[PDB]
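> missing the sequence, but the structure's below:
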């Protein structure tokens, strides 16, 4: 009966102005609901930014951000927007827009959310990923199981999708989250465990896709 | 009985966020009046920035600036505010806050204004003025009379007041508008024409006052 | 995106003369136009709204007229305090654009300027800068052309000039032009001239020193 | 302003157990508290509002309690689809602050990690960087300590590490610890080791290699 | 959406 | 810096 959808740039630069928009369907913007903006940094909890009344037009913000935040509304298009001026690198997060249901004299809860929108604040430019092989050997052999992988290093922005054998291999694979190096570039590793006998018979290739730069790379992983 | 008063920093730097406030007395913010912000660059006409409905809460802006402007309201303190993000050097102007009265279905006019608030956008820092005398010569003596003055130069930001002999001399003085040089600083000239015979009995001293730097200079 | 214009950009008339300023909008705005009066350095004063509805307390001599894309503010028997800049404003729908503004003068006898020239002082010379000032005192009309000539060399872009208001007593003007150079480029040359051209000059008048 | 703390910051329990999370404020907020559930990478799901009023469509086993500055979310007979992160929220007056969050695990038999070490690749060395990757496959619990010793030199500040979520099948984790160096520093030493200490290891497990 | 219509003025004239 | 009160939750419920 209500469905929200974020929209806006997934990448802004430090000190610039961020502008996001949340479209609403199935209900009216001009109503007794409080349209709220939420954000969650990568790997952290939720942080209530601010909300706005559909009919009153008044706003409320997080006291730690009231100077840099601005909430708005557009009745005709069934939308409400959020602007964050003088952004900093520490604002990279997933920004949710939700409907804060309300009662006659008592607020209720955020019963309808949007899928969210990732937004990164970084000075680094879009740089395609460098893929290096992590070959199996006696060092990476515990028991009868051997482990290999691919090192996706120095790339920007997130995300990168990694498959093995062109999506044929899915059992035993562990693709790790990416860490933002001091260089402003991300880095991750995708490994796969296979029987030691498979090393001499079967072929293994990791398929990396980084569409932010239209990069598609495939890397064979061979012993020695 | 309406009365509006502007307040806020009289000086911001480029790219920073400008914020200004307008206190209202004699009327309620939550009313049918559309409270408005007007700016007027130095030596140019009026420019309508934006307004906001005291009750509807909806905002309207100038299409050439909608991306940088934010207007808000505060029902408790009887105030409304303006925010201009990513300010540029070309935004130096006097910012008025006015009450755009409203009828039942149409708008009237801005019948109540504030005195205004000057806000300069520049990277220069405060400086006290250098006072130099502009002495008369054979070219500044049209037979009778004799013109002199003081060149208040290299100071920032405006304004600067100039008095002669503690304000005793007043007839025939012309203080010209200050010019913003390529150096970012200001400079002006204040002259006064007097009888050539007055040089032997009266004394001429210009008293400059630049409060932004807490400076008081006197230079014969 | 209405492009409102006013005409004339400036004019001059004396006490008693009826004046008529025009305002034009690139599209129709019915009878929703507002006129304002702004003194030098003061916030505007609401004069008229609704094409010709006189704001309470405004003199009767202020009158409005027109409709659609053409309007007119008329001041019968112009008074002294009516000197000011006047703006027209769309007041029906956004962006409520203001007009370019029309300035009103006070005609007076064509007076010649008292032209003075002031050299840099001993102090500023110690500071490494040379600012030569040229003064024009009490003249009319406001139009005046000043050109600097350092040893018969016309200047451009390295000098600035500022003009005063109409003196509240004799309704004359004053202009100050300052040519600023490094003390190096200054002491090299020896003769400095300030050339003034005005409606009351058959040929330019030069005022120079050494 | 308001400070909302949840406790325990994370706990592990098996299906069928009665689970309880606590959320405390720094000031009174009457019966206005909302609970949310968040799956990995997904938006939260409104569970409860008004302390204990259950949102429509939420199972009965979810129950809220408490008043003032001490609230409780209880799940009777925990189910598999309930393992997630749970947040509380003040919903009476601004700034409607969210709690710190509580993650719920699936308690499982202790499984020691499979330790693998990978030396730097020749392509990367040609590029001027050396990245020694150390892997720890499928291990429960999540608490595992990794150390880097280059020529028996304890390392610090030169390594990054990343962990996965609970595997949907074997409820085990996997950890990756990449040690990055300059090709100069890397070639200036001989033995590189990756020492692990975990609950399932009677003694630390080292996985080293010689540069030559 | 520049908008601004007489009805928005009517809305700006009433509040609870 | 006023706080949301029940009247703000009611005045915005049916208005404009």
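Ah, there it is. Numbers count the residues shown, from 1 in each chain, chains lettered A, B, ... in the order given.

> so residue C:124 sits in a strand?
No - counting by DSSP: H, G, I helix; E, B strand; the rest coil, one finds residue C:124 to be helix, located in no strand.

> And for it, nearest residue in space, chain neighbours not counted?
residue B:132 (4.6 Å; CB to CB, 6 or more residues apart in numbering or on different chains). (C-beta placed from N, C-alpha, C; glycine too.)

> Skip ahead from the helix or strand harbouring that neighbour and say which helix or strand is next.
Using DSSP states H and E, residue B:132 sits in strand B:130-134. Using DSSP H and E, the helix or strand that follows strand B:130-134 in sequence is strand B:146-155.

> partners of that following strand in the sheet?
strand B:130-134 (antiparallel), strand B:186-194 (antiparallel) (DSSP bridges).

> Report how many residues lie close to residue 134.
As the question left the chain open, I've gone with chain A. If you count neighbours by other CB atoms under 10 Å in any protein chain shown, residue A:134 ends up with 28.

> Not quite, go with chain C.
Counted with other CB under 10 Å, residues neighbouring residue C:134 total 26.

> before we move on, what about the one 3 residues further on?
Other residues lying near residue C:137 total 24 when counted by other CB under 10 Å.

> now swap in the one 3 residues further on and tell me
With neighbours defined by other CB under 10 Å, the count for residue C:140 comes to 24.

> distance of residue C:5 from residue C:25?
Applying CB to CB, to the nearest Å, the value for residue C:5 to residue C:25 is 8 Å.

> can you list the residues of chain E near chain A?
By CB under 8 Å from any CB of the partner chain, the residues of chain E that approach chain A are E:1, E:3, E:15.

> didn't the second one look like it was pressed against residue A:75?
No - taking contact to mean CB atoms under 8 Å, the distance of 9.3 Å between residue E:3 and residue A:75 leaves them out of contact.

> of these two, who's got more company?
Legend: neighbour count by other CB under 10 Å for residue E:3 and residue A:75, higher for residue A:75 (18 against 13).

> Was I right to think that one contacts residue A:29?
Yes - applying CB under 8 Å, one finds residue A:75 in contact with residue A:29, separated by 5.2 Å.

> Quickly list the domain ranges of chain A.
Here the domain parsing of chain A from automatic domain parsing is A:3-121, A:130-220.

> Quick one: closest of these to residue F:10.
Evaluated over the domains of chain A, closeness to residue F:10 peaks at domain A:3-121, with 5.7 Å, by CB to CB.

> From residue A:132, how far off is residue A:220?
The value you get for residue A:220 to residue A:132, if CB to CB is used, is 12 Å.

> neighbour-wise, which of the two wins?
residue A:132 (25 against 11).

> Taking chain A, what residue is nearest to chain E?
Distance from chain E to each residue of chain A (CB to the nearest CB) is smallest for residue A:76, at 5.9 Å.

> How about chain C?
residue C:94 (4.3 Å).

> Quick one: neighbours of that residue, just the number.
Residues lying near residue C:94 (other CB under 10 Å) number 19.

> residues in contact with it?
B:60, E:2-4 (CB atoms under 8 Å, 6 or more residues apart in numbering or on different chains).

> Helices - which of these land there?
Judged by DSSP state H, the subset of the contacts of residue C:94 located in helices is empty.
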